[PDB]
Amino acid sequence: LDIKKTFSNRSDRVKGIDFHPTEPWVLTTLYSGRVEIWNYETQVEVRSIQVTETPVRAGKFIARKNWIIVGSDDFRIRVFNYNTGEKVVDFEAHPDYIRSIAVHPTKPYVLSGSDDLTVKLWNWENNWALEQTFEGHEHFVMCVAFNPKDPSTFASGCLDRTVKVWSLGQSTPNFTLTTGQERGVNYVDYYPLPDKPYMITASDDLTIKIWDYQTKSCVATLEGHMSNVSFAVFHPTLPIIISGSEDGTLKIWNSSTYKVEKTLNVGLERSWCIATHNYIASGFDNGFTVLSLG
């Protein structure tokens, strides 16, 4: 763990962030309605768009289509071609805020999680048709993520203090995880490797929890953040967990011992979002930062 500072820049509050898989680019989506795509090696903006006047809380690359997809508090999903800058689709996806967007790794599917208490599946090869609504949660759906080892299933994290895991094509959850994080679930992520059936959740109750999704048990609890924990993720290649919080810090936890290894206060106020490519990137109140670990 030699943490090197690749590229930071100040901006309005960064609510979403994503790495491009083949280009050295980071996408940020801002509370001001702007999105930015930065080449973090050369430190030049590849493209910027004033998408709306409302916060844009969710954004992802869809690399195989040369798109970004974003979702904003104006209720709308929009898709832009990052090479030409042109908007390719623009539709009202939910009658409320869009918190989270996930892209299926091999099929033309996108999920959106909303304050309307639902997750919705859209198919871009079927004219962006609504293919299914997953109803069940009792509060805002804050995060949605496919299972990378089985993307026919996905998890939703919700302020109703639960995580629900669903199968595409089925109306009810495969199971519902009672987190015990009584201030709600802000984020949910899968561990990517096949040796552990692990998921991780972050909460305003200052805890981070690891879950065995076969037995539905809590494997460990990571404590130490001083304020709401906005996200927690497994690193794809390093045996570490990365979290960020409104206490202004990133924390890197040992993924074997579940103990904190490093606490980074990057000086940009509250942390809100995370991406991993050993690059990681995080979005904050006052900008973003791209960090190399090895």
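The numbering used is simple: start at 1 and walk along the sequence shown.
Inset, instruction - Please say, as none, 1 to 3, 4 to 9, or 10 or more, how many residues of the deposited sequence are without coordinates in the interval between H277 and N278. - result: Missing residues, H277 to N278: 4 to 9.
Inset, instruction - Quick one: say whether 265-273 or 50-58 has the higher mean Cα B-factor in the deposited entry. - result: Here the higher of the two C-alpha B-factor means belongs to 265-273.
Inset, instruction - Please work out which of 225-233 and 256-264 has the higher mean CA B-factor as recorded in the PDB entry. - result: Averaged over C-alpha atoms, the B-factors run higher in 256-264.
Inset, instruction - Could you check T172, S152, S156, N186 and tell me which one carries the biggest Cα B-factor in the deposited entry? - result: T172 has the highest C-alpha B-factor of those listed.
Inset, instruction - Among the candidates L121, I101, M199, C218, give the one with the maximum CA B-factor reported in the record. - result: It is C218.
Inset, instruction - For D160, return the chain-relative third of its C-alpha B-factor as stated in the PDB record: lowest, middle or highest. - result: It belongs to the highest third of the chain when residues are ordered by C-alpha B-factor.
Legend entry - Chain-wide C-alpha B factor ranking for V44, given as lowest, middle or highest third: Top third by C-alpha B-factor.
Legend entry - Third assignment of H139 from its chain's C-alpha B-factors: It belongs to the highest third of the chain when residues are ordered by C-alpha B-factor.
Inset, instruction - Tell me, lowest, middle or highest third: where does the Cα B factor of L130 rank within its chain? - result: Its C-alpha B-factor, which the entry lists for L130, ranks in the middle third among residues of this chain.
Inset, instruction - Divide the modelled residues of the chain into thirds by Cα B-factor and specify which third, lowest, middle or highest, holds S112. - result: As the PDB entry reports it, the C-alpha B-factor of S112 lands in the lowest third of its chain.
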